[PDB]
Structures are given as C-alpha cells and as structure tokens.
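Engineer: Here we go, the starting part of the complex in its complex frame:
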Amino acid sequence: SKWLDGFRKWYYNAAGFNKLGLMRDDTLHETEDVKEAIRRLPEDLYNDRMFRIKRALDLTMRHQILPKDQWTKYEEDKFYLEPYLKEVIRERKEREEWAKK
Amino acid sequence: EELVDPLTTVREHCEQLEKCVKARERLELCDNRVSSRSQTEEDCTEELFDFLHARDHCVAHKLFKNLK
Amino acid sequence: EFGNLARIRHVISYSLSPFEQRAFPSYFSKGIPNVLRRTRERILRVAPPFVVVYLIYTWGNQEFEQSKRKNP
Amino acid sequence: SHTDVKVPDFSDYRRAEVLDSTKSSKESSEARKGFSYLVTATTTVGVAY
Amino acid sequence: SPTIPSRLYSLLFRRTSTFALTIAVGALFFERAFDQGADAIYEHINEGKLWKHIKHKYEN
Amino acid sequence: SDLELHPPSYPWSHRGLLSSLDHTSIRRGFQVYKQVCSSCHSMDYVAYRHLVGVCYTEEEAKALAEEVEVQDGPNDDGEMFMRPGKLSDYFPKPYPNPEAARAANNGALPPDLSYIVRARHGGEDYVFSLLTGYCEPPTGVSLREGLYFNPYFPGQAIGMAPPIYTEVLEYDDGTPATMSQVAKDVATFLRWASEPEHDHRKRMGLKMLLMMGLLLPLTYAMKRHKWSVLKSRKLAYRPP
Amino acid sequence: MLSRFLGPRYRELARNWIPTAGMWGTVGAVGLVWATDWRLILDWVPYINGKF
Amino acid sequence: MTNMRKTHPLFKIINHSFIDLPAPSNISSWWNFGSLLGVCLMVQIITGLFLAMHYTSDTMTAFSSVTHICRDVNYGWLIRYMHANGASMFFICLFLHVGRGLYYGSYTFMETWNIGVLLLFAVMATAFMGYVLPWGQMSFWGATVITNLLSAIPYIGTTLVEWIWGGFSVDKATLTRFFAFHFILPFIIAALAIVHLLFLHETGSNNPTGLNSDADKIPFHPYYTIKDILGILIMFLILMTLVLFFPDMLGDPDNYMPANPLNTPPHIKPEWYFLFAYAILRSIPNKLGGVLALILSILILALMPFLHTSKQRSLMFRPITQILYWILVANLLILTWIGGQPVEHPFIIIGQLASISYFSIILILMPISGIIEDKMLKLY
Amino acid sequence: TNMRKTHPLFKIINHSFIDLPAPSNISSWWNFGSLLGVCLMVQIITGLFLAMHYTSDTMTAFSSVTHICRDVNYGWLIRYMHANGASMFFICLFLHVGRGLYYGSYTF
C-alpha cells in the first residue's frame, strides 16, 4: 500500500545517507560485480558519483552534514546502477551455470 | 573511668536516631522471640547487622573530629 | 600509493595556510549545536540498551540482597 | 571558463590581522609564525621535561 | 612597535638550531620553576603532615 | 553465617586525591605495633631502615633497632649466635615458623600485617571496624571458647582476642590513649606499611595532573593547527 | 551460499579426488600413530610389538 | 642527487608505511586505537624488561621478590603498577579495536582480521600467564581453576594438563615455565603485528562511511602522526592517573597474600577482561561444553566475515543492525558483571540468558537484520 | 593466479629464497651464513628450554643447573647443546667474517 511507501521514505530519512547528498547506489559495497558495473558506467555518471563520494567524505571528516535544502530526497533518488548491475549478475550467473555442468 | 573513650560518646549519641531505634526495636523483638525458647535454631545476626550498619554509618559521620 | 588511486575530473579544491587561519574558528558557538545534533542523531540507537542493562543490574543486586534476608 | 572560478570567502576562518583585504601582508606574518611556533616550542618543552 | 611574538620569531624561532637552544634553555628554567611550584603546592595542601614539617620536635 | 557486614567509609586524612598521610599518626601507630601487635603478628617485608625520614630520625631508628635482639651467624666456631640489631634488620618474627604460631595462638594463624590493608576489602576502614567492633554475641548463637564475636570478621567468629582498650600504652607525645585513637593510629600505620610510596605517589600525581593539564590544550592546538588546512577546505564540481 | 558447486562437473571432480584424499588421510593417520606411539594401533601390528 | 627517503631501503619501507601512506581523510578517533595498542605493547615490553631485572621465578622467592621490587627498588612500584595497569589499558584498547572492526565492516579485510584473531588469542594467553607470575593467592588459584577446566577434553585432557603443569599440580616448574612463556610471547605478538600491518597496507584502510576512500586520501604525515601523538598522550593521561591515583581498583586485594595450596578463596574469579568468557563457561553445567563454548565464542568472532549478508559495509546507514550491535555491547557488559558475581540466585539464569542472547545476536539476528534492511532499501 | 608471486606473505619468501638469483659458482663458505641463522634458531630454542627450569637467584642458580642436568628428562642434552652450540655459533661466525675479508665482501 501507500503505508509501505511512507514507511520506506521514513526509513530513508532515518538511515541518513541522504544527509550527505548521496544516492542509494553510492552506498553499495565495492564487490567485483559492483566494480564491473562502475566500469560500465558512462563518464558523466562516473564523475557525479565520484564527486558525491568525495563530498560525503569531506563532510564526514568535518563531522557535519549538508543544509536541508540540498539533501537527497526519496523521490529523486535515481537508480542509475540497477540495469548495469542486473546485467552483470545475469552474465555471471550464466557463466556459473555453464561452468557447473 | 577518669579518661573516657569518645567513641562510646558518639555511639550513644547515634543510638537515639529514628532508623537506629527502629532497628533496635526489631532487635529486641528478635531477642525475646528467640529467647522464648521454642527449640528452633534461628538467630539474630541480621537485625544486629542492621542496627550496627545504621549506628556505624552515623558514628563514621562524626567520630574523627574528637581524635587527635 | 599516491598518483594511481582513482580517476577524478572537474574537481577544484581551495585551502588556506595553517598560519593564515584561526585554530579554533567559532569553537563553542558552532560546536555546541553540532555536538547536540550528533547526540540527537545517536541517542535513540545507543542509550536504551544501556538503560535496560542498568535496570537489570539494579534488579539483580536488589534480588541478591533480598535472597540474603532470612524469610520469616 | 578558467576565469569564471574564484576562491570563496574565508572570512569565517582567517585571523583578525589578515582579515582586512586592502592591507598588505608581511607586516603580521612574523607575529603569526611566532605565536604558532611558540605553542610548538612550549609543548616541546613540556614533552622534553 | 614590533610585537613580542614578532621579536620571538625574528630572534629565536626563525632558525632551527636557535629554536632547539631556546627549547633546551626553556626546559631547564621550566623544570626548575615547575618543580618548585608543584612542590610548594604540595606542602601547602598537606601542611603539618609531611616529615619536613615535623622534623623539629625530634631532630634537635 | 553467609551474611556479610560492609564497613563504612571513615573520613581519613589521606582519603583525598592529593591528601598525604599524617606522619605523627604513623609514628604513634608504629609505637602501637611495637608495644601490642608484635607479640603475635609479623611484619616480614618492613625493615627498621624504612622508618628514617618517615617517622624517626636515623639515630632514633638506630636506637630502636638497638633494643632488638636478632639471630645471626654462623660464627667462626660454626654455630648460631645472637646480636643487637642494625638498621638493615627486618622486623622480628614472634615465631620461627607458622606451625608454632598456630600452636601458641589457639589453632588460628595470626597473619602477616604487611599487606593487610591491601589484602582486605575496605582497607583500613575494615581494620578500624574490626578493632573497635568487639561486641557480645546475639541471642541464640553459641560462641566457643577461644573465639570472640566480631561482626566485621567474615563468619563473625574471630580467633583474635580484643587487643586494645583504654590506655593500653603510654604515648610519647602526650596523646590521650583511648581505644579509638590507638585503632586510628595503628590503621594509619598499617596503611603506610603496605604502601610507603603513598606521599611520593600523590606528589607525582599532582605534578602529572598539572603537566598534563598544560600539555592537553597545546598538543590539541598543534593537531588543530595542522588539520585546519583540511577543515577549511572547500570543494567544487564543474562538469563541462 | 555454497550453491556454486552443485553440478555434475564438481561431482566428477569429487569422485576423482576420493582416492588421493583418502590416501593422504591414511598417511596422516599412520604418521600420527607413528609419532605419538599410540598404544591402540601399535599393539595390533606384529613387528612393532617388541618394546611392550 | 637522489632522495634518501625513497631510495634507501629501510627508509623506503618506513616511507611506505608511516610517511607517504595514503590514509582516508575522514577516519574518526576510533582509528587511533591501533597505534595505541602498538605503543601500549611497547610500554609493556619496556616495563616488563625493567621488571624482570629483579623478579625471580621461584615459589619460595617470588612474592618476596615482588615486595622487594615494590619497597626497595627505586620507582619499582611505578614500573610494576605501570605494567599491571598497562595490561588493563591494553585490553581496553583491544576491546575498542575489535568493536571498531565489528561496527565499520572492517572484517572484510579477511586475512588482516584473522591475523588479528591470532593476536588476540596470543595476548589473552600472555596476560593470563603474566597474572599467574606474582604468585599470590589469586594467581595460583586462578591458574589451578583454568587448568582443571582445561582437563575436561576426552582422552587427552589429563595428559595435557599434567604436561602443562610439569607435575601433578601447580608448583615451581609451572611458575618457571610460565615466566619463560610470558617473557617470550609478546615478541611473537610483535611479529604477528608486523604481519597485521603488512596485510593492512596491502589492502588499504577503511573509513567510517564504508565507501571507496581513494577519491579523497591524505598522507599519513603530518595529519595522522599528530592525531596519534594526541591519542597517545591522552592514553598516557588515563594510564598515569590510574597508576598514581587508583592503583588497586582493577585488581583484587587477595592477590596481596602469598599463595596457599591449602586455603582456597571464596571468590575465585579471573581478571576483569576474562570475566565475560568466565560467564560463558558457567552458562553450561558441562565442563567440555563450557570450554568448547568459550573457544567457539572467540572463533565466531573469527567467523564474522562469512556472516555478512548486507550489501553495505559499515553500519553508518543501517539503524536496525546498529540497535542489535549496541544490544550486543550491553550484553557483553552484563556478561562481565555476571562473571564478576558468585554462582547464586539470580545470576545463573541471567548468565544463561546473556550467553544465549550473545550467540543469537552474532549468529542469527544480524544477517537477518541485514536482509531486512536490504529489503527496506528496495535492494531485494 | 599463483600464490607464490601474488600472495603478499609468500611473495617475500619467493623473493628471498625461491626465485632469488644467486651466483652459480659460490663455494661452501657461503653456506656458513645460513648455518649462522640455523645456530641462532637452535640457540633460541634450546635457550627457551633452559628457561623453563632456570632460577635467576644467587642461592639457586648453580643448584638449578644441576637439577636441569640430573633430574630434568634429557636436560643434560639441552644444556650441553646450548653450550656447544654457542661454541659452534662462534666458529661459524669467525668463518663468516673470514669469508667477508678474503673475498672482498666488505664493499657492501
């Protein structure tokens, strides 16, 4: 329902990576699949992600967060890494199921 | 005798407060209950500990001022 | 090792000399609200387990003391 | 544009004797270096003791 | 007038060898001053209790 | 019984953070130990040379050790002999071995009071409460002969007779010899006897506290001065 | 999370490596009973039963 | 002309590890504890070196040698209480080090984490035999209790415990070999810490965000050098105030009595940094189960990298697992308190509950919470 | 792929003992250097087993050494190999320094 959407955006506010200007896909741990999906990114998305990570590192160095009018919000959190990551796990699963037999 | 221990004076000053006198009242109820001689092996160390704890807290507040 | 860690483009950084700036610039006036904000963000995750085990410690001590007492 | 960039305001951070933009430096640089190196020398004296 | 930190930088803190000499001489004078002051604080807080306060009745 | 009496916290003159020991009380407590407690207890880690600069002068402590009569040898003829004591002589044991100590003192072994304030919970509050707490047993409990009711001893049945009372020794400084005064003096002396560094320890703690209160904000200022390049750093992002 | 090795090829590898791993386990057991001088097995063997 | 910092070989090694090491710019005060552990290890080496110059490992002359150190050697009380309270400060630094590793996902540096687990085992063993060394009542009786507890493993327990003792009880052979082992073991700890630093400098360091910190990295000098100096001087403040003002609050008073094999103390408890594990070995009324539960508590601390099911590294953005982590921390606190308590009502049930909650949180609840958080972030 | 060249701990052992280039014509004298290291380990190991029974006190040091020889199982063996291993250590050390002097190895 819409209760689940409101509860997810409350959890989005409570987790706290929105306060550093980060996206959800920036917070993914850099495994091999994630690193390959970073390598398959276009250059503008790469530069945006690296600047967001560097700015979050600077803000956490100063133990500070952003002013509220440049926080990330639940609606405009675009999921840029999802199709690249989905294709990477589909290709790796295909290679694994080939090598199983 | 002719030279008096100040600890006894601070003690008898500290057995007249409320907590210490009610611990003492429970102590003589324990004493005459056991000394009623029902032939059962209970003793009176707990209310003695209560009375001694209150009295020694009181005298530990005000003992060392009289000692050189 | 420096020089081959990452690919960074279109980022400019500005700094100052440590002799050109204050050591403690607006220390209390910007430090008390920021410490209060971090406290507001973290007490509801940190404190209540410690409050619960404080009550467990006090209850256990008083239950041990009551089990010391002779039951009439 | 490389001419479109400029250093942002550091007036929240810089010292009082270097706050005035229309007064040249090399008049108070010795005092600032002396104060910072005096802090360094005094904590070196304490550590040596 | 030139300030006291300005003269300290121009006369002592500029070179490194004069910096180290200032640190050494300040360490000498500072251990003398600090030891005397901290000791004096110690007998001012504990008067009549240390042995030095009571080695007059029995020293003769 | 299984019940435990917890002695209170008396306001000792060395209870403070920088508070020293009253050395006249240590001298008086040594007099108490020499007159009373040394008939049954030993001091197997304290020598007579530890009393100089603390309670007595060197001639006074040398005269105190001269009245001691110490086993030594063997001589040229090949046997034990007896000498007056020196400053480097430790405090004399009343018994040659713990079995004779158990035999003389009605079974129970009188322990070595060299760490007895550091080997009991409560410290010298326990010693003061034990020496001044000798009372009659309550109703019902049977006290065996050779045992005395002290509620501060665990088990409440100690093998120690009450060793102090009013005017048990005559002090050399015109002090009233009440039982509480004697107990407080011997408790202060026993506190000294397990930590003779105590005054020196608190003097070093005072110097350390003053030095560290000087050193914390200056090395904090060094850290903050060096990190002020990064803390005032501002970033920018201009894609083309 | 060990579901990557559920196939006929890894079963084939397993039945290839049964005898070598079993022989290495036999080597380990014989070396352990040899070094420890264990009395359970060394009493079951003819020639080594000379010191008992 | 060359640069002697980058061409001379040992200068090249120290330049790689300490001067021009690319460190994250945003690591907090929790990252100072590795250097604190190193400098406290060095303090332990130096103070124990000066302690062993007068100690004599012999049951007739060990307690008396300790008193001779305290009362006759100049500042021997200072070095001795520096050694004991430095062991306590060392275990404080270890606990905060492992807590930093658990919270911020640093266990994914797997070989570094396992070398650390080996370091922790070696340090706990070293401090145990060091506490045996002064030959007090508590030293002898704690050694006796720990080794009779070790004697419960089947068919080799009695042989191993009589081989460790050098006899049929704890006696002078045990004291001499315990002095030898206590002297040698911190050098193996130092070598394993060198291997720890080797693996960490190959794999890089971790930030509190858990992100890739290579976009913003700063040299180690002068930033983390001055931060480490500040942390070291703060640790010296805490250690020296606990030596000079409260020298006998983290130990027990009846270690100031000589060892008596006849008399036994009523409260036989180890040092405080063992007490939580002590509660676990009393959480089961079976000796083999208690020994196994202790060693697999430290082994599930070793097994922690395999239980990571979330797609985020650090707990900065994961509040449910944060709540579970602080429940685990408070559970460790009451495990310490229960281990410091006698076996009486109501401490058996509280200790059993604390043990089962600790193992349930480490094993079960944290990966399920990671799955829940990934579902709640629309990952899966 | 291989652990000999990529694993950070086995890389050191490979660089120092496995794929290390050494001259093809060095005589037996060079073996003395490795022998010195072996003697060091031997001394350390035997020294540890002397330390499990040695009592550093002037009353009970000679007596403790006699107890090592006469009552400890194979303790005479460990004590005498510690002594003669110190002697063999110095023999190998002297020949190591003589190799350094003769073949011009002091230019390092």
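Structural biologist: That came in fine, so what should we check first? Numbers count the residues shown, from 1 in each chain, chains lettered A, B, ... in the order given.

Engineer: List the contacts of the residue in chain C that chain E sits nearest to.
Structural biologist: Proximity to chain E, evaluated over chain C using Cβ to the nearest Cβ, is greatest for residue C:19 at 10.8 Å. In short, each C-beta sits where N, CA and C put it, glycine included. Residue C:19 makes contact with D:29, D:32-33, D:36 under the criterion Cβ atoms under 8 Å, 6 or more residues apart in numbering or on different chains.

Engineer: how about a cut-off of 6 Å?
Structural biologist: By Cβ atoms under 6 Å, 6 or more residues apart in numbering or on different chains, residue C:19 lies in contact with D:32-33, D:36.

Engineer: What of residue H:206?
Structural biologist: H:104, H:106.

Engineer: ok, it to chain D distance?
Structural biologist: Using Cβ to the nearest Cβ, to the nearest Å, residue H:206 is found at 30 Å from chain D.

Engineer: Tell me how far that residue lies from chain A.
Structural biologist: 11 Å.

Engineer: what do you get for residue H:157?
Structural biologist: 44 Å.

Engineer: So what's the residue count around that residue?
Structural biologist: The burial count assigned to residue H:157 is 18, neighbours taken as other Cβ atoms under 10 Å in any protein chain shown.

Engineer: Pretty sure it sits against residue H:151.
Structural biologist: Yes. Counting by Cβ atoms under 6 Å, residue H:157 touches residue H:151, with 4.3 Å between them.

Engineer: related to what we said a few turns ago, okay, the contacts of residue C:19 in JSON lines with secondary structure and distance to residue H:377 next?
Structural biologist: JSON lines is the format used below for these (DSSP: H, G, I helix; E, B strand; the rest coil; distance: Cβ to Cβ, whole Å):
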{"residue": "D:32", "secondary structure": "helix", "distance to residue H:377": "49"}
{"residue": "D:33", "secondary structure": "helix", "distance to residue H:377": "51"}
{"residue": "D:36", "secondary structure": "helix", "distance to residue H:377": "47"}
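
Engineer: could you list every residue that touches residue F:56?
Structural biologist: By Cβ under 6 Å, 6+ apart, the contact set of residue F:56 is empty.

Engineer: Go ahead and add chain J:
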Amino acid sequence: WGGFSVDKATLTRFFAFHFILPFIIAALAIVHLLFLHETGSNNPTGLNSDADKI
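Structural biologist: With chain J now in place:
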C-alpha cells in the same frame, strides 16, 4: 653491577639481557639479509656474476 660488586641484581639483570638480546639479533639479521638482497651475493672470483646466475 647494581651495587658495590657482582651480586644477585647483576645476575638477574644479566638473565634478562641474555634472554632478550637474541631477538634484537634476529631482527638485525633480518635487516642484514635485507641490505644484502638489494645487490646480490658475491662470488669467489669477485666478478659480475649477472652473466651466469641460478
């Protein structure tokens, strides 16, 4: 000596020093080998053995 002549303090501190010095010796041997391996071993002829190494 730790005193007027050789006594128990000298014996105990000599025991501590004798135990701890082989570990500085082992670390110095590690540094010895490290300083060797930058240039390689010498050969009995004294010549450049880089033409023939195994």
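
Engineer: Please re-evaluate the contacts of residue C:19 in the presence of chain J.
Structural biologist: Contacts of residue C:19 (Cβ under 6 Å, 6+ apart): D:32-33, D:36.

Engineer: What residues sit buried inside stretch F:47-66?
Structural biologist: F:47-52, F:54-57, F:61-62, F:64-65 (16 or more other Cβ atoms under 10 Å in any protein chain shown).

Engineer: Which two among the residues you listed are spaced furthest apart?
Structural biologist: Across the buried residues of stretch F:47-66, the longest distance by Cβ to Cβ is 16.1 Å; it joins F:47 and F:57.

Engineer: now residue C:24: how far from residue F:217?
Structural biologist: For residue C:24, the distance to residue F:217 equals 10 Å [Cβ to Cβ, to the nearest Å].

Engineer: Show me the common contact partners of those two, please.
Structural biologist: Here residue C:24 and residue F:217 have no joint contacts, going by Cβ under 6 Å, 6+ apart.

Engineer: which residue is nearest the centroid of chain G?
Structural biologist: Closest residue to the average C-alpha location of chain G: residue G:25 at 1.9 Å, with Cα atoms, centre = their mean.

Engineer: Any chance of the backbone angles for residue F:47?
Structural biologist: Phi and psi for residue F:47, reported as degrees, to the nearest 10, are phi -110, psi 170.

Engineer: That one against residue F:90, yeah?
Structural biologist: Yes. If you go by Cβ under 6 Å, residue F:47 and residue F:90 touch, sitting 4.6 Å apart.

Engineer: Next, show the common contact partners of those two.
Structural biologist: Common neighbours of residue F:47 and residue F:90 (Cβ under 6 Å, 6+ apart) do not exist.

Engineer: just to revisit the earlier point, pick out whichever of the buried residues of stretch F:47-66 sits closest to residue A:64.
Structural biologist: residue F:54 (57.5 Å).

Engineer: Is that closest one in a helix, a strand, or coil?
Structural biologist: coil (DSSP: H, G, I helix; E, B strand; the rest coil).

Engineer: Would you quantify the distance from it to residue F:30?
Structural biologist: Distance of residue F:54 to residue F:30, computed by Cβ to Cβ: 9 Å.

Engineer: With residue C:60 instead?
Structural biologist: In terms of Cβ to Cβ, residue C:60 sits 44 Å off from residue F:30.
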